[PDB]
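Peer 1:
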Amino acid sequence: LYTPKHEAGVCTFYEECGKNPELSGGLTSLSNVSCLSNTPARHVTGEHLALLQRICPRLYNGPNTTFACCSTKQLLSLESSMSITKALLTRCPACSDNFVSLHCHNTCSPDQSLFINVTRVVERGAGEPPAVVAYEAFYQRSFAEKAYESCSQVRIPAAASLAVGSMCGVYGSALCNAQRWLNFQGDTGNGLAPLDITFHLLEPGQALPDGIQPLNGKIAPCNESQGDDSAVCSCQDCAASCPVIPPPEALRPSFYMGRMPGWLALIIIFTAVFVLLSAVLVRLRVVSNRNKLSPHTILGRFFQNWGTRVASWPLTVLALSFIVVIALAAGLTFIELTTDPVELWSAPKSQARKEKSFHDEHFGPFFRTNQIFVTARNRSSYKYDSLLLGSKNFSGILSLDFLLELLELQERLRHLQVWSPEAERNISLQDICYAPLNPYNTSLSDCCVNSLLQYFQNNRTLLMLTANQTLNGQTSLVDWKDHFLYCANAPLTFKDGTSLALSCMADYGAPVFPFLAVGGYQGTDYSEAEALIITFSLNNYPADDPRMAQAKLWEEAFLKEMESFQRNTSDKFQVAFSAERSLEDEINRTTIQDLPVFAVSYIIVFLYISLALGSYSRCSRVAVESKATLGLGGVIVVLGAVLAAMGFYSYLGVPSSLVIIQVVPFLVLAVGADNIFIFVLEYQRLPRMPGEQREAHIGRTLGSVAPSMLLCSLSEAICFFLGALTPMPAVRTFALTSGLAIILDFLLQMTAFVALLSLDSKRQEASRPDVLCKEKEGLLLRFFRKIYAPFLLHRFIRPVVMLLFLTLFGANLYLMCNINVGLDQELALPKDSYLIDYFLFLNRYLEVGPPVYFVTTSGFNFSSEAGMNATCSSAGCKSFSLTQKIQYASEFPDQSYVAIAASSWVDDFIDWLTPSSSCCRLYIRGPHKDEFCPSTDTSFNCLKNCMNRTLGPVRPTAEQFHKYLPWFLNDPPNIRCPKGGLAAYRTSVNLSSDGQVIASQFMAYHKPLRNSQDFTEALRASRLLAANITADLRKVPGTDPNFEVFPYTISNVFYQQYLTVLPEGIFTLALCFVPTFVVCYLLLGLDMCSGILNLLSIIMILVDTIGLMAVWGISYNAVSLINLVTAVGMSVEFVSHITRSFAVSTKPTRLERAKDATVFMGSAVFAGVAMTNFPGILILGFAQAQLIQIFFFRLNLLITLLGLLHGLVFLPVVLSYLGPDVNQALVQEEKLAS
Ligand SMILES: *[C@@H]1O[C@H](CO)[C@@H](O[C@@H]2O[C@H](CO)[C@@H](O)[C@H](O)[C@H]2NC(C)=O)[C@H](O)[C@H]1NC(C)=O
Ligand SMILES: *[C@@H]1O[C@H](CO)[C@@H](O[C@@H]2O[C@H](CO)[C@@H](O)[C@H](O)[C@H]2NC(C)=O)[C@H](O)[C@H]1NC(C)=O
Ligand SMILES: *[C@@H]1O[C@H](CO)[C@@H](O[C@@H]2O[C@H](CO)[C@@H](O)[C@H](O)[C@H]2NC(C)=O)[C@H](O)[C@H]1NC(C)=O
Ligand SMILES: *[C@@H]1O[C@H](CO)[C@@H](O[C@@H]2O[C@H](CO)[C@@H](O)[C@H](O)[C@H]2NC(C)=O)[C@H](O)[C@H]1NC(C)=O
Ligand SMILES: CC(C)CCC[C@@H](C)[C@H]1CC[C@H]2[C@@H]3CC=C4C[C@@H](O)CC[C@]4(C)[C@H]3CC[C@]12C
Ligand SMILES: *[C@@H]1O[C@H](CO)[C@@H](O)[C@H](O)[C@H]1NC(C)=O
Ligand SMILES: *[C@@H]1O[C@H](CO)[C@@H](O)[C@H](O)[C@H]1NC(C)=O
Ligand SMILES: *[C@@H]1O[C@H](CO)[C@@H](O)[C@H](O)[C@H]1NC(C)=O
Ligand SMILES: *[C@@H]1O[C@H](CO)[C@@H](O)[C@H](O)[C@H]1NC(C)=O
Ligand SMILES: *[C@@H]1O[C@H](CO)[C@@H](O)[C@H](O)[C@H]1NC(C)=O
Ligand SMILES: *[C@@H]1O[C@H](CO)[C@@H](O)[C@H](O)[C@H]1NC(C)=O
Ligand SMILES: *[C@@H]1O[C@H](CO)[C@@H](O)[C@H](O)[C@H]1NC(C)=O
Ligand SMILES: *[C@@H]1O[C@H](CO)[C@@H](O)[C@H](O)[C@H]1NC(C)=O
Ligand SMILES: *[C@@H]1O[C@H](CO)[C@@H](O)[C@H](O)[C@H]1NC(C)=O
Ligand SMILES: *[C@@H]1O[C@H](CO)[C@@H](O)[C@H](O)[C@H]1NC(C)=O
């Protein structure tokens, strides 16, 4: 009751012996089943051989050598049955015969027993061969897979769907393969197969069942011609024959010019200047060796007369100064603050602003996104064995119980209402939500909400349904798991192929894509996803519109609800969430948190002054000698000047921000306090002779020190005003406020402070204690005189320090090239914000990046044949058409940051117009003849197509195009016509009143972006692609000479600043060095040496700062730019005072001159500037924010240390060698004054 032998040359059945008894109720033509006959093969000749050779030549083995195991009647039945599939595959016959070969071999092969094992026996009649209902067959995997592939992409004659999609049963082309297709052909459950055939795809490598040889015969590839027919399958039908497009080439690294690396040009260009100026100084010294009224007196006399008159009348000047300061400060009532960080940290005018304006004008603003993530805390991944797909792995988060809870949370969020005080009413979701369909007369069901549960239309009942169905020999149950797996691989469908014939589209009328519902998966293993995503979209608006405020109120309630849920579900799963406004609020909160800490930092500075300028008598006599009055005076005058500058700018109408308020007084005080300290110290050091009154003494003191304060003030203020060139509002506002504040500080110091000091001296001479309650040499003068100066200036020390500092400069000059560029949001957040968890979840689980739009401007004719030819990607299109270029670019996501190929309204429009789709029809009779008749009208009053049937590509005329396009754009999709533009293209085409297109867009997605370098590189690659597209579209005749396309995305406005060669601050910082040289040169009497030495010192300090900044891993950005401008200003306090003090000296030799300047001015500068700056920085270590600790604490400590090391060590030595000569006029004036 089986076939004992299965070796070779013997078959298992020959003659047809009647109809199949087991199958009943088919009511269709079927081949008569043969009964078992295990006999040798029959010789086939004559007309039987003629038919056998005719149908499938592969079995022909010579005119009188052919054997076969089939009859002519069986062949006629075979031809009749096969004719339907043969008709279907008409597009490329070459592979179709291969399919036919598969059947005829199975029917007639003389070596039938080597691959067919009969397994079913039915006894038709006594003493007759028993009928065979079913059997099994053996094949090799590679044979069947290649045979499948030969027609796997072949289209039907209509050219829309794939032929394979009509031959894989329950599912279409999306989920079919060789095994499933072969199983379909042999399974009688479809009402078509005549008998049950089991198809085993035995692997060729491992031979497991012995005695059976799986087969593998001749298979014709697509591009292999069948002799001289020269009718290979076009690559539109099987894709194997299409030409290969070479991969994108590697590009050179950025920042290059000419034939060399860019930065290398900079260093030589920089270094040469450093060499050149140095040479000049040496030349001057050599000339000296070979050869061997002044402004100081005018300024001295002027300031002495000014100071004595001011000191005489202290109450009047103090009153007038106070009144002026209050009069300016009062302006703060008009203050307006900007809080949006993108407006603060981005240029107001650029290419991106133009593109944003155009996009917003023609298509409307980009929507707001509110998003949550959830992943399971503890579960174990399990397995499920489905009838359709086999054994699949499911993650813990995809458990049935969890989904119901998530459905409840989503349902609570949709209904939610908020109280609006201005509107005095409850704002609902449908008042502000974004909806792609029905923007007016909307309802709650239309609002755009993306989630996994959209595959079940949020219907709890549908999620819980199960059903029984039978697939070949197995009957079993199906549930939600199968439906989700089916929808994931085929997002657009109006019904499944299972018993649960539900649609997979969202309730609001659009398909939901897997990368928007789940995340944390590789490949196409959607069931293994780890995180679930729920996203709400809200409409944006102009700022003036009141509705935005209402929208913001809704977001507040959203955040509250999530926090409540987070508490309730603390142990089950872990959630992460964010709202659109959250970042704007979160950063601002941080600023408020650190406002008292800075405040503490100012008062500590006060205390230092009171001790530094004080005295004692053996111990603990602070109550009398400590200068509390002068400390309070200095601090109040400087902070008054700062408030006056802010008030003035508020009067003018310039906005400000919390950052400016936070950091301007600190940076201003750090320089302004030092003029006060130096002046007071000089006053204490200078004795007076009997007869002199204190007013003359104070006058003479101001005459002594006022030109140094004037020179330093002018240099600092001009440098700060030159800082205000970068377009970024924060930096421009900072620079202008600091520039005005320093000037007002200077003017106040020369009036109110002098008066206060005069009154303090008056109180001191009368031996009265301060209102709080022997002129011995100071330790600093003794220490510098006896220990420091004889040591530093020693003959065996100077070349060592010179070589050490020049080597340090060289090494830092090299190191300064390794700069990290960019600002990351992660720093700007508090150490415990929920946004940290949100960003970490985005970085690990989200599979796609931001969307990008390629927007097409006016000036292009889409109504012509050439226009369509160059844009869409159908059978008759250009090989490198726009859509094809984007699709190609999407295949190499690492070279060009595009992950998902763009859609195209033109291809869907042309496809929709096709007569065979029954989508564009018109009424044929009655009151509405020649009007549009929608596809949902099932009457018989419409039998006429929009277009007449033709051959080849479908192209409308201009009249048809302009008449029918507004109908296409408003057709909702349905089961009768899956294509249409209402659910996807409604707002992507802007039409004119005469039917012309003004603008259009093509939408695509980026690959995941994780840091600022990926956003920058994505912008570079996308702009390069858009440039190539415009460059080729401009060759089409008839277009406007100024037609272009551009890549809009929401993030471009901020990130565009990093695309240049010099990262914006280099030009301004380089420019800021000029006022040092110019002011120093002019004020000191046209002294070339002082100017050159000051400029070189400032340059060396800034290069060292940038080098060490690179070595300590601090990135370059606008905040670093602010601090570097401050450093350029501050270093003048370390250089200028010593330079001027050395220059104005009457000692006969340079070495002698250096010593006195070093001891007196060195000790005053050290005690003032260094000790002023260190306590106001060390306090900031407790700021509790990463932004402040990285860019203010460490960077200012670095700047201060480099300042002191260059100022007090290098500068005296270089002055000792190359300093200026003696001013002879001063010598003559000194001698005559006798
Ligand atoms: C299609 O583009 C035109 C471009 O002009 C849009 O017309 C502008 O619409 C805005 C908003 O209503 C107005 O402020 C402008 O004044 C309009 N411009 C002109 C010249 O009238 C038009 O709105 C766009 N279509 C859609 C549906 O937004
Ligand atoms: C959620 O799904 C259920 C299941 O189909 C819907 O219930 C059916 O609705 C149709 C249309 O009104 C009725 O004819 C059936 O009798 C309902 N069946 C049952 C068991 O009630 C339900 O309407 C869906 N929810 C919504 C809001 O439409
Ligand atoms: C799906 O099939 C199962 C199995 O036949 C049905 O469950 C019942 O199972 C018991 C065995 O425990 C049988 O004795 C019953 O005859 C089965 N009932 C029926 C109606 O077949 C289950 O009810 C079926 N479900 C659906 C929706 O068809
Ligand atoms: C795009 O090109 C087509 C084809 O030339 C233009 O259609 C012609 O338009 C002119 C005037 O608009 C008519 O007189 C012709 O009869 C049209 N048909 C032809 C030549 O077959 C169409 O106008 C162009 N669109 C634009 C915006 O210029
Ligand atoms: C002060 C500085 C740091 C502000 C930085 C602003 C930038 C980097 C922020 C502001 C708005 C943000 C975008 C808001 C919306 C989304 C959609 C989301 O699906 C992908 C991320 C994306 C596209 C964000 C990218 C980053 C973004 C552009
Ligand atoms: C099968 O055999 C019967 C008996 O000769 C015949 O009438 C019938 O036409 C055959 N073919 C079929 C059912 O396709
Ligand atoms: C072939 O079929 C017979 C029954 O017809 C069965 O007993 C035998 O095990 C089968 N052989 C293989 C290798 O499956
Ligand atoms: C047909 O295409 C395949 C693709 O792998 C290629 O290897 C083969 O050489 C091609 N044959 C011809 C004749 O072009
Ligand atoms: C899984 O997590 C829960 C949550 O606390 C815990 O109680 C349970 O013990 C965990 N399972 C194992 C095996 O540790
Ligand atoms: C998932 O299923 C496949 C096939 O059933 C199996 O090989 C794999 O080990 C499974 N993974 C887990 C984690 O169970
Ligand atoms: C808004 O909804 C709350 C919910 O109970 C209700 O108490 C309140 O009265 C509503 N507001 C208005 C204006 O109806
Ligand atoms: C979580 O919320 C639900 C409904 O608001 C409530 O029934 C449940 O008790 C809450 N959980 C806890 C732990 O209170
Ligand atoms: C459009 O494409 C077809 C097919 O390549 C070509 O024959 C035709 O010349 C092209 N141009 C126009 C204006 O139809
Ligand atoms: C189709 O052909 C008929 C007969 O030639 C003609 O009357 C009709 O206008 C044609 N329609 C189109 C859209 O070309
Ligand atoms: C556009 O890209 C292609 C990529 O192969 C390149 O060969 C071509 O030079 C680019 N530029 C154009 C067409 O201006």
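Going by our numbering, the sequence shown opens with residue 1318, and the numbers climb by one from there.
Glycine included, each C-beta is placed from N, C-alpha and C at the ideal position.
Nearer than 8 Å: is that true of the beta carbon of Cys2263 relative to any heavy atom of ligand 14?
Peer 2: Yes, Cβ of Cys2263 sits closer than 8 Å to a heavy atom of ligand 14.
Peer 1: Let me see if you follow: with CB-CB separation under 9 Å, is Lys2202 close to chain D or not?
Peer 2: The chain inventory of the structure shown lacks chain D, comprising one protein chain alone.
Peer 1: Cβ of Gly2166 within 8 Å of any heavy atom in ligand 5?
Peer 2: At least one heavy atom of ligand 5 is nearer than 8 Å to the Cβ of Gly2166, so yes.
Peer 1: Give a single yes or no on whether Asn1885 has its beta carbon closer than 8 Å to a heavy atom of ligand 12.
Peer 2: Yes, Cβ of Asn1885 sits closer than 8 Å to a heavy atom of ligand 12.
Peer 1: Pick from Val1627, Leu1419, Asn1337, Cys1328: whose alpha carbon is nearest that of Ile2015?
Peer 2: It is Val1627 whose Cα lies nearest to the Cα of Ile2015.
Peer 1: Using the three-state DSSP reduction, which class does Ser1674 fall into: helix, strand or coil?
Peer 2: Three-state result, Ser1674: helix.
Peer 1: Mapping DSSP to helix, strand and coil, what is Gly2536?
Peer 2: Of the three classes helix, strand and coil, the one that applies to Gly2536 here is coil, per DSSP.
Peer 1: I'd like the ranges of any alpha helix (DSSP H) spanning at least 4 consecutive residues and lying wholly in the segment 1766-1833.
Peer 2: Listed in chain order, the complete alpha helix (DSSP H) runs (minimum 4 residues) inside the segment 1766-1833 are 1777-1780, 1797-1806.
Peer 1: Can you check whether the CB of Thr1402 is closer than 9 Å to the CB of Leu1368?
Peer 2: No, these two residues do not count as a Cβ contact at 9 Å.
Peer 1: Go through its chain and collect everything with a Cβ distance to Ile2241's Cβ below 7 Å, but skip five positions before and after it.
Peer 2: Counting only Cβ-Cβ distances below 7 Å, and skipping sequence neighbours, we find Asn2258, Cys2259, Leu2260, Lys2261.
Peer 1: Bridge partners of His1517, per DSSP?
Peer 2: According to DSSP, which records beta bridges pairwise, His1517 is partnered with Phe1455.
Peer 1: Hey, would you say the C-beta of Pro2044 is under 8 Å away from at least one heavy atom of ligand 5?
Peer 2: Flag unset: Cβ of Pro2044 not near ligand 5.
Peer 1: Taking contact to mean at least 3 C-beta pairs separated by less than 8 Å, is the segment 2063-2076 in contact with the segment 1655-1672?
Peer 2: With a cut-off of 8 Å, the segment 1655-1672 and the segment 2063-2076 do not count as touching, because too few Cβ pairs lie within range.
Peer 1: With DSSP as the reference, label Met2405 as helix, strand or coil.
Peer 2: Helix at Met2405.
Peer 1: List the residues that DSSP assigns as beta-bridge partners of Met1577.
Peer 2: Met1577 is bridged to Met1574.
Peer 1: Beta-carbon distances below 7 Å to any heavy atom of ligand 2 define the shell here; list its residues in chain order, please.
Peer 2: Matched residues: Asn1776, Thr1778, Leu1779.
Peer 1: Just to check, is the beta-carbon of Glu1873 closer than 8 Å to a non-hydrogen atom of ligand 11?
Peer 2: False, no ligand heavy atom lies under 8 Å from that Cβ.
Peer 1: Check whether the segment 1831-1850 and the segment 1809-1823 are in contact - that is, three or more C-beta pairs closer than 8 Å.
Peer 2: They do not touch, by the three-pair rule.
Peer 1: Let me confirm a value: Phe2100 is counted as buried when at least 16 other C-beta atoms fall within 10 Å, else exposed. Which label applies?
Peer 2: Classification for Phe2100: exposed.
Peer 1: I need the straight-line Cα distance from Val2172 to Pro1828, nearest angstrom please.
Peer 2: About 23 Å.
Peer 1: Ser1348: beta carbon under 8 Å from a heavy atom of ligand 6?
Peer 2: Yes, since a heavy atom of ligand 6 falls inside the 8 Å radius drawn around the Cβ of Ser1348.
Peer 1: Tell whether a beta-carbon distance below 9 Å holds between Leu2282 and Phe2360.
Peer 2: Contact flag unset, no.
Peer 1: Thinking just about the alpha-carbon of each residue, which of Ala2216, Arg2005, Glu2143 is nearest to the one in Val2169?
Peer 2: Looking at the Cα atoms, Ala2216 is the closest of the given residues.
Peer 1: Could you tell me the alpha carbon to alpha carbon distance between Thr1792 and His1800, rounded to whole angstroms?
Peer 2: Cα to Cα, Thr1792 sits roughly 17 Å from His1800.
Peer 1: Would you mind giving the Cβ-Cβ distance between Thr2393 and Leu2412, rounded to the nearest angstrom? I have them listed as a contact below 8 Å.
Peer 2: 6 Å between Cβ atoms; contact.
Peer 1: Consult DSSP for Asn1710 and reduce its assignment to one of helix, strand or coil.
Peer 2: Strand at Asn1710.
Peer 1: Given a threshold of 16 other Cβ atoms within 10 Å of its Cβ, counted over all protein chains shown, does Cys1468 qualify as buried or as exposed?
Peer 2: Flag for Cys1468 reads buried.
Peer 1: For ligand 11, which residues count as neighbours when the test is a C-beta closer than 6 Å to any heavy atom?
Peer 2: Every residue passing the under-6 Å Cβ criterion appears here: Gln1734, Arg1742, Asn1743.
Peer 1: Would you report the Cα separation of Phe1619 and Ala2435, rounded to the nearest angstrom?
Peer 2: C-alpha separation (whole angstroms): 43 Å.
Peer 1: Specify the secondary structure class of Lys2079 as computed by DSSP and reduced to three states.
Peer 2: Correct three-state label for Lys2079: helix.
Peer 1: Starting from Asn1687, trace the beta strand (DSSP E) in both directions and tell me its first and last residue.
Peer 2: Where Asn1687 is concerned, the enclosing beta strand (DSSP E) stretches over 1685-1693.
Peer 1: Can you look up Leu2239 in the DSSP assignment and give me helix, strand or coil?
Peer 2: Reduced to three states, the DSSP call for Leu2239 is strand.
Peer 1: Which one of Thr1320, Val2449, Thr1345 has the shortest CA to CA distance from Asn1355?
Peer 2: When only C-alpha atoms are compared, the closest one is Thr1320.
Peer 1: In this structure, how does DSSP classify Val2088 when only helix, strand and coil are distinguished?
Peer 2: Coil at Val2088, not helix or strand.
Peer 1: I need the straight-line Cα distance from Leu1794 to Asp1428, nearest angstrom please.
Peer 2: Cα to Cα, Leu1794 sits roughly 41 Å from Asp1428.
Peer 1: Report whether the distance from the Cβ of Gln2313 to the nearest heavy atom of ligand 4 is below 8 Å.
Peer 2: Result yes, Cβ under 8 Å from ligand 4.
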